[PDB]
There are 2 protein chains.
Amino acid sequence: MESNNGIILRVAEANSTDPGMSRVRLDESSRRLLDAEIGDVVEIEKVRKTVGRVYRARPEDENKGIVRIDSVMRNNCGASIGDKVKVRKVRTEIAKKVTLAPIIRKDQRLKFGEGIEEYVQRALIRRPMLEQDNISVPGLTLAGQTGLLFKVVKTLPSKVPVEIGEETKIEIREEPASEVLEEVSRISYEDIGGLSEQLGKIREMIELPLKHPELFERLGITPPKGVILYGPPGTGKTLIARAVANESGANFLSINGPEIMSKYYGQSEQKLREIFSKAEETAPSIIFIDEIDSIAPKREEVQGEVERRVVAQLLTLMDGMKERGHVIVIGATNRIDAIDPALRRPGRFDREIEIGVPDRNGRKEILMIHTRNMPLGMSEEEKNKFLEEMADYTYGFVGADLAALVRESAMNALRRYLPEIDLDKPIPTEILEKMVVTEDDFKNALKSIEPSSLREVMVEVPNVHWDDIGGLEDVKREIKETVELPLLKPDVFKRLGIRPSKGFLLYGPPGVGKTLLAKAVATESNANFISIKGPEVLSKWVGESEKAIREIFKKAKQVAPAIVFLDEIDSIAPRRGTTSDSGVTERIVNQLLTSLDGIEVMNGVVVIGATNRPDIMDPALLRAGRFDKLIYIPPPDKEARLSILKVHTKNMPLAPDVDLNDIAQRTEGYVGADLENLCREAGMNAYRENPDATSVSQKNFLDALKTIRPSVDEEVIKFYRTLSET
Amino acid sequence: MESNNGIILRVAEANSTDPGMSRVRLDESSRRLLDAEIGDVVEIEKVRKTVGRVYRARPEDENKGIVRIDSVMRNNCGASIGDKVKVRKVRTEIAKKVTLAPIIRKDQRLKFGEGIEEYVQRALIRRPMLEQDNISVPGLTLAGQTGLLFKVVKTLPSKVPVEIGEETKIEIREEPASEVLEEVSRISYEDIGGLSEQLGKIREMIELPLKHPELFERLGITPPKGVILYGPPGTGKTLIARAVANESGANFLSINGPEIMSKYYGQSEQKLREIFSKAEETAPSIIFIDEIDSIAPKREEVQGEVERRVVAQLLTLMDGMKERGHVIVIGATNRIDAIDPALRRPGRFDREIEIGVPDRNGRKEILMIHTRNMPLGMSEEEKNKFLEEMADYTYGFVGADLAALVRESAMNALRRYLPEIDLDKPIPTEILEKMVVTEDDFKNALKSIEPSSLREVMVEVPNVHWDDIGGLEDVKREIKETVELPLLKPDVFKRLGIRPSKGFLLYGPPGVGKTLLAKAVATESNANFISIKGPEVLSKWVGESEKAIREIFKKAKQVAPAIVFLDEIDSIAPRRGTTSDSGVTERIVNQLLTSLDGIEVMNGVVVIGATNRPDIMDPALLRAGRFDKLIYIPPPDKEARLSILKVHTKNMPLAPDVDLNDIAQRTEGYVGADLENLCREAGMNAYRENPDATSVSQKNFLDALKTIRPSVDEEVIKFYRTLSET
């Protein structure tokens, strides 16, 4: 079906969804293989034998083999990933008069628009479209909708696809009509996208058993039986099951726990049996239970037979299906803590994986869907998006939080604009145009926010290198050889016949940037970084979870290769400082000791211990066989202060009057974290350009030493000299 | 916006409960538009074809594009705020003989008595009105009283709107009258004390969908499902809810948490299934549960499946709603921490609201609502009856506590008048003439059990500006560099490699109210100010609750850009004075550390820690991204003491009998707390009441100095200087 390039192309998913949906991306070779020219309109013909066209655009990070195409236009004429296309340079006539009408069913005959002059005219320019089709029309500030859907009844060019020019007279019939294809409620994997790699991975999980019949959606393969999704309750996760149906091309069944639990003995299990008994005739279909955890919450706790039956009736109906009708079971829950051992075995459930939360990227698509749900749903032209900078700023939140926050962004404009008009009925094209949620209004609306979120730490890749915190190349040299040899050179262990250290321990003065050292080796090795600190050991201790602390390794082992970093362990002991309300050890560390023995370093895992001081740490926690090497971090010396601060101040204001040698020679008994400070302290006095009107010179960096200088930190040092003897 | 201008205007709720019923207030500019005199009789025509005539009056705070109007006419008309209204000048038609009878519902047909000349003749003065209207006369004593409802069957001149003058004959039959017009007990937005910003914010959410859904749903925003309210319940929660429903015109559906729990299998679910069943017909409507925390507190550690089925039944009913005939479920609780987060996600309440408590200003509106039914509003008596005076002793009260105060005041009034006359059946006019509410009642009430318990914690509201407080210029400008600059110019600071600050620490001599300085810059920069009083941190720290401490800070983070001031958030440590016997870190700072770092660039944010003892700090605090700058207030300057002494002495009796510089010379080392004591002490020892030009004398200032001693001491000064240098 999909061929590299030519009259046939590889249909692939565009990650930006293209600026417009006719803007499809292309590679410079993909055109030469079709004998075409990039930057032009092209006529396409696709399987199912339907007509269509788009506009090819620049490649960005594109592999020559493929062609990244939108799902909407692909789905508008109809298609899926893995189909075949037929395309050529041919440019047919240009639309002259076109007739359009909206879908009246979700409207239920309500609120006709003025878009004849308002939208289509200024949104018109050279948009490749199709005759006898349903075109996505932008506009109409965010409803949570997808653009605006107008049907294409006819365009004056007959039986050929076309793009409309500005020369045209457009007609909005303002009368009945309905989609030529797809539906009014539709969603694609990209419209729902909270993730890129994982979403495509979770796709392959479901997509390999569900593909299409002419390939394996029905064929032996011994596929899995049922699936369960985890992590971010609500948001995009709950919508996944709804997205898998539209793209897979199969019927969709919503099954919720409370609606089953809401119903009672008798009808309850009947309604469940009816749905699964209704799936055979409607097959192919997707069985999805949402709150299943509430249908099978049992661990040892069972308060009734009605629950035993419905889950046991669920057991009967799973095994009762041989996948002859090929109705697949999928599931979701926020926690696996509710699952019964019975539901972990084949014939019932097979492939189940954790789904995480978005990253800078994941929010970007979600933010991209917002500007799409906003006006400019189907974009007329290609425009540089300053929404780019938003995703980098944002953090902490999931999909639902943004959408609700973007609704909190719409109210900010809404509050000011429309109530001034006080709409009884039709709305000014002027007002509705002049109000813009586009790249301008965002930041003004982002000045107000009402999010709330709760999560736990995960993998990260720092930016650290040897320059950020210099000095102590000796430890860094062996830190190189700690990860590198087990990582790159496991075969060197054959010739040696040795078992490398399971881990090493770091201790020394606080404030030296022990975290930077952990991040440094992590950035070098490129392995993922997980730091277990004291505050979070205190945070999850609020809900009384010691298990969660153990899970961090279980979550670290699955995401490996990664570097698991341990600092401020047994956090209950350090947090109280000199005093204590309890003993030197508790039930908490017991869950930590059992963990270290369990976690294996034969994977890309790397065990790194760190502590402010080991003496306060319970000596039994420091026993060898777990941390074999005892490493000591002394405070950076005079030469390090020069290089360290030389790295700090070189990226911020400086002056030639400044001499960096004088400042480092006067300081001793001093740490690295203060070098961050000492660099900026002068700044508050003067910067190169700041409203203070002052400037950088030896004066402010001299005032920095006057503002910050040794705090009498020599104490921690002379403990370490004696601490290494005992 | 509310804008409509010219002889034609738009109706907006009066921003004051107003003394009079016919008061419709318009600014000098607004009055010049229709060209009419203040207090003129103008007949206003509006939607539905319902008319009325009113008096003009004035604020200075209005905008010409609105109309501040009575609730009488709006209720008589049944208007929802936001309607475009047509007003014009018309000459006065006057009644001759007027017939009045109360409505059926209010009285129940149980009411009769005297007072024709007590109510009407006193209300006979200057009331413009429409014939066939419900006119209200308040007065006398409160706590059973909202207005007095008289519906007009006839006015001797017929088919004319007429003003009520002094020459008209009056009649009270006390026989049937039309009940069509609502009882004022059915709420009006005026009945909500204060909370103007919260009123509109909540109202716009529910209103616009409930008004016309077919755009504000379709072409805009999205309709939410329900809203939860927070803060002390039972005071404004039940009132605000019905105050949202009645005015919006949406039917109100009453629920009781304890009734559901009082019920069980069957009726429990039947009721929740019965209400929504009734809601479908009345939909769109308002659904409300004040008791949400009672029915669904579940944190896991409840027991039965009956409570889990009914709360899970509630889960199903939320998602079962179509968001077409959309109805809004409202909820209320004392605190969000108690309720269940499974109700917090989409499918159900995603929308949370935080309602605080009144203040000296907030009680101004609450007391005023009570002051319209009682003649305490204008001052005819020997005290200040502008309610700000009564607001002082009332610090830390809520609408319910004040209702009990004025209710117990009618008791104090009742105790005087009724027992001495001791009527039983009769209702003479003289007992009502004899009754006059006097200040003594509140005094006996304020001395009564009215103060009982200290209830729950509160946050203050700021005032102070450069005008209100003096003090050192060095730190102020230093604070501006730290505060004003990042707030107003964060953009350029990002691209210059110049970060002046993230948040900063205030330390120095105590007792001067350094908070005052933080408020002056905060009010100037127009950034929200927040202060955490030490006692609140002292108690909760022992109760192992650091979450209540997060709430106020989190409240500042979401509303940000804002300036959060922390007065001894470490307060446990400063109580130890010089040192920290335990570590310099405790549970609270751990989250402060996390929070200070967790802040994003989505909003310009500057956090302020403040303490009496800086030496107790966790070294992480002082570092980058947490505390960038360290503020030290050196002892007051000689010239600063002079200004401070002058600001405090001219707020009290003063005469030009002194030399303000001479008193300052004798003052050395004295702080703002000491200088303020000199002023209050002098006048007290000075002449209490005199005809003489001299009130406070130079001899009093001079002699008062010999007794006192300087506050700041040398030991605490040395501990400060070493840190600022290091």
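Residues numbered from 1 in each chain as written, not as in the entry; some residues may be left out. Chains lettered and ligands numbered in written order. Part of a larger assembly, values for the part shown. Heavy atoms only, no water.

Per the deposition metadata, cryo-EM was the technique used to determine this entry, at a resolution of 7.00 Å.

## A few points about the overall build of chain A
Going by this rule: Each helix corresponds to a stretch of at least 4 residues labelled H or I by DSSP, and each strand to a stretch of at least 2 residues labelled E; elements are numbered beginning at the N terminus. Per-residue accessibility, obtained with a 1.4 Å probe over protein chains only, is compared with the maximum for each type, and a residue is labelled buried under 20%, exposed over 50%, and partly exposed between these values. We call two residues in contact when some of their heavy atoms are within 4.5 Å. Computed with the Shrake-Rupley method and a 1.4 Å probe, the accessible areas treat only the protein chains shown as cover for residues.
A count of helical and extended segments in chain A gives 27 helices and 20 strands. Across its three principal axes, chain A shows a C-alpha extent of roughly 90 × 75 × 60 Å. Going through the 726 residues of chain A one by one, you find that 51% of them count as buried. For chain A, long-range pairs separated by at least 24 residues make up 81% of all intrachain contacts whose partners lie at least 6 apart in sequence. Put simply, chain A shows about 34,600 Å² of open surface, and 54% of that area lies on carbon and sulfur atoms.

## Here we look at a nonpolar patch on the surface
Counted only if it meets this: A patch is a set of surface residues, each over 30% in relative accessible area and not in a salt bridge, joined within 9 Å for like charges and within 5 Å for the nonpolar side chains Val, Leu, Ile, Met, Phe, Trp and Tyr. Here, a salt bridge means any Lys or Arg side-chain nitrogen found within 4 Å of an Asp or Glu carboxyl oxygen.
Nonpolar side chains collect at one region of the surface, where A:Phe216, A:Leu219 and A:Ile221 lie side by side and expose about 280 Å² of accessible area between them. Checked against the element boundaries, A:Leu219 lands in the loop between α4 (197-207) and β11 (226-229).

## Side note on empty space enclosed by the protein
Residue and element names in this part refer to chain B. Applied cut-off: A pocket, in this scheme, is an open set of points on a 1 Å grid over the protein atoms alone with protein on both sides within 12 Å along at least 5 of 7 lines, while a cavity is a set where a 1.4 Å probe fits but cannot get out; residues line either one if an atom lies within 4 Å of a point. Grid points are joined across faces, edges and corners, and a volume is the space filled by probe spheres set on the points. Under the grouping applied here, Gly and all other residues not named as nonpolar or charged are polar, the nonpolar ones being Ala, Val, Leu, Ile, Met, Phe, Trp, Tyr, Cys and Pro and the charged ones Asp, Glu, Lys and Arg.
Counted as a void, the largest cavity has a volume near 220 Å³. In this structure, the largest cavity is lined by 22 residues; those nearest its centre are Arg127, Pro128, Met129, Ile135 and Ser136. Here the residues of the lining of the largest cavity sort into 15 nonpolar, three polar and four charged.

## Looking at the interface of chain B and chain A
Which entries qualify depends on this criterion: Accessible area, probed at 1.4 Å, shrinks when two parts are joined; the buried area is that loss added up over both. Polar contact is defined as a pair of N or O atoms within 3.5 Å, subject to the rule that within protein one atom must be able to donate a hydrogen and the other to accept it, and that residues adjacent in sequence are counted only when both atoms are side-chain atoms.
With 72 residues of chain B at the contact, the number on the chain A side is 75 residues. Regarding the contact of chain B and chain A, the summed buried area is about 6,200 Å², with carbon and sulfur atoms giving 50% of it. One can count eight salt bridges joining chain B with chain A. Here A:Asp422 makes a salt bridge to B:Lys84, at a shortest N to O gap of 3.1 Å. Our enumeration of links across chain B and chain A arrives at 26 residue pairs in polar contact. The leading source of residues in the side of chain B that touches chain A is helix α11 (residues 305-319) of chain B, at seven residues. Per-class residue counts for the side of chain B that touches chain A are 25 nonpolar, 19 polar and 28 charged.

## So, the nonpolar core
What counts, and what does not: Side-chain atoms within 4.5 Å are what join buried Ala, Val, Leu, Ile, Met, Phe, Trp, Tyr and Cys residues into a set we call a nonpolar core.
Counting residues in hydrophobic clusters, the biggest one holds 42 residues, and the most contacted among them are A:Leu506, A:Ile563, A:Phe565 and A:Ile608. Excluding residues within four positions of it along the chain, A:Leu506 makes contact with A:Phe565, A:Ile608, A:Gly609, A:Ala610, A:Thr611, A:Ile631 and A:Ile633. Core analysis: the second largest hydrophobic core is formed by 34 residues, A:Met21, A:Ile164, A:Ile431 and B:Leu208 among them.

## Let's talk about the sheet that holds strand β15 (residues 285-289) of chain B
Whether parallel or antiparallel, the strands of a sheet pair through hydrogen bonds between backbone atoms. All names here are of chain B. How we decide: Between any two strands, at least two bridges found by DSSP are needed for them to pair. Working convention: axes come from line fits to C-alpha atoms, limited for helices to the stretch in contact. Angles between N-to-C directions cover 0 to 180 degrees.
Pairing is parallel across the open sheet formed by five strands, whose spatial order is β14-β15-β16-β13-β17. The sheet terminates laterally at β14 (251-254) and β17 (351-352), the two strands that pair on one side only. Sheet strands touched by helix α7 (residues 237-248): β13 (226-229), β14, β15 and β16 (328-332). Its angle to β15, the strand with the most contacts, is close to 170 degrees. Across the face of the sheet, helix α9 (residues 267-282) comes into contact with β14 and β15 while running at roughly 175 degrees to β14.

## Side note on the environment of A:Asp340
All names here are of chain A. Within the secondary structure layout, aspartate 340 lies in the loop between β14 (328-332) and β15 (351-353). The spacing of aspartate 340 and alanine 296 is 44 residues in sequence and 6.6 Å in space, taken between C-alpha atoms. At 3.0 Å, the side chain of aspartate 340 forms a polar contact with the backbone nitrogen of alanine 342.

## Some points on the packing of helix α16 (residues 473-488) of chain A against helix α18 (residues 514-525) of chain A
Residue and element names in this part refer to chain A. The condition is simple: We call two directions roughly parallel when the angle between them is under 35 degrees, roughly antiparallel when it is over 145, roughly perpendicular when it lies between 65 and 115, and oblique otherwise. Crossing chirality is assigned from the near helix's rotation relative to the far helix, an anticlockwise turn below a right angle marking it left-handed and a clockwise turn marking it right-handed.
Across the interface, α16 lies against α18 with an axial gap of 10 Å and an inter-helix angle of 50 degrees. The pairing of α16 with α18 is recorded here as oblique in orientation. Here α16 runs over α18; the crossing is right-handed. For the pair α16 and α18, contact is made by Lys476, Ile479, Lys480, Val483 and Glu484 and by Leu517, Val521, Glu524 and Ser525, respectively.

## Some details on unusual backbone geometry
All names here are of chain A. Residues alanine 283 and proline 284 are joined by a peptide bond in cis, for which omega reads 0 degrees. We note that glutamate 182 has phi near 60 degrees; this positive angle belongs to a residue other than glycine. Summarising the element assignment, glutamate 182 is placed in the loop between β10 (162-172) and α4. A relative accessible area of 25% means that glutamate 182 is categorised as partly exposed.

## Concerning the packing of helix α26 (residues 672-685) of chain B against helix α27 (residues 698-707) of chain B
Residues and elements named next belong to chain B. Running from N to C, α26 and α27 cross one another at 120 degrees; their axes reach a closest spacing of 9 Å. For the element pair α26 / α27, the angle class is oblique. Where α26 crosses over α27, the two elements pack in a sense that is right-handed. Residue-level inspection shows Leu678, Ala682 and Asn685 of α26 in contact with α27, the latter providing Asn700, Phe701, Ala704 and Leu705. Tallied by class, residues from the contact of α26 with α27 come to five nonpolar, two polar and no charged.

## A short note on the packing of aromatic side chains
How we decide: The aromatic pairing rule takes the rings of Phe, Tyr and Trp, using the six-membered ring of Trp, and pairs them if the centres are within 6.5 Å, calling planes under 30 degrees apart stacked, those over 60 edge-to-face and the rest tilted.
Following the criterion strictly, the structure yields eight aromatic pairs over all chains and no others. Consider the rings of B:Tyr507 and B:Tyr632, whose centres lie 5.8 Å apart with planes at 40 degrees: the pair is tilted. Taken together, the residues B:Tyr507 in strand β18 (residues 504-507) and B:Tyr632 in strand β22 (residues 629-632) connect sequence positions 125 residues apart. Like B:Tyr507, the residue B:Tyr632 is buried in the burial classification. By way of ring pairs, the aromatic residues A:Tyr507, A:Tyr632 and A:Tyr720 are connected into one cluster.

## As for α16(A)
Residues and elements named next belong to chain A. Quick reminder of the rule: In this analysis, the expected span of each helix is defined as 1.5 Å times one less than the number of residues it contains. Here, the arc refers to the directions that run from the helix axis to the C-beta atoms.
Helix length check: α16, at 16 residues, gives a terminal C-alpha distance of 21 Å against a target of 22 Å (1.5 Å per residue), a fit within 8%. Those residues of α16 lying buried are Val475, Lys476, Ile479, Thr482 and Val483. Taken down its axis, α16 places every buried residue within 115 degrees of arc, on the same side.

## Brief notes about a positive patch on the surface
Stated formally: We treat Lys and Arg as the positive residues and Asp and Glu as the negative residues; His and chain ends play no part in the count. To locate a charge, take atom NZ for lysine, CZ for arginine, CG for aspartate or CD for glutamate.
A contiguous patch of positive charge, built from A:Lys443, A:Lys447, B:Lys494, B:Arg495 and B:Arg499, is present on the exposed surface. Here B:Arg499 lies in the loop between α19 (490-495) and β18. Classification of B:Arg499 by relative accessible area gives partly exposed; the value is 37%.

## Examining the environment of B:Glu247
Residues and elements named next belong to chain B. Of note, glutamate 247 is situated in helix α7. It is 19 Å that separates the C-alpha atoms of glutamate 247 and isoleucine 135, two residues lying 112 residues apart in sequence. With near-sequence residues (within four places) excluded, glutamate 247 lies in contact with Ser80, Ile187, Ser188, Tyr189 and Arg242.

## Considering the sheet that holds strand β9 (residues 148-155) of chain A
Residues and elements named next belong to chain A. Read across the open sheet, the five strands follow the order β7-β10-β6-β9-β8; overall the sheet is mixed. Each end of this open sheet is capped by a strand with a single partner; those strands are β7 (127-129) and β8 (133-137). When the angles between neighbouring strand axes are averaged without regard to direction, this sheet yields 55 degrees. As paired strands, β8 and β9 are joined by five bridges and run antiparallel to one another. Along β9, the bridge assignment pairs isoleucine 135 with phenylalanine 150.

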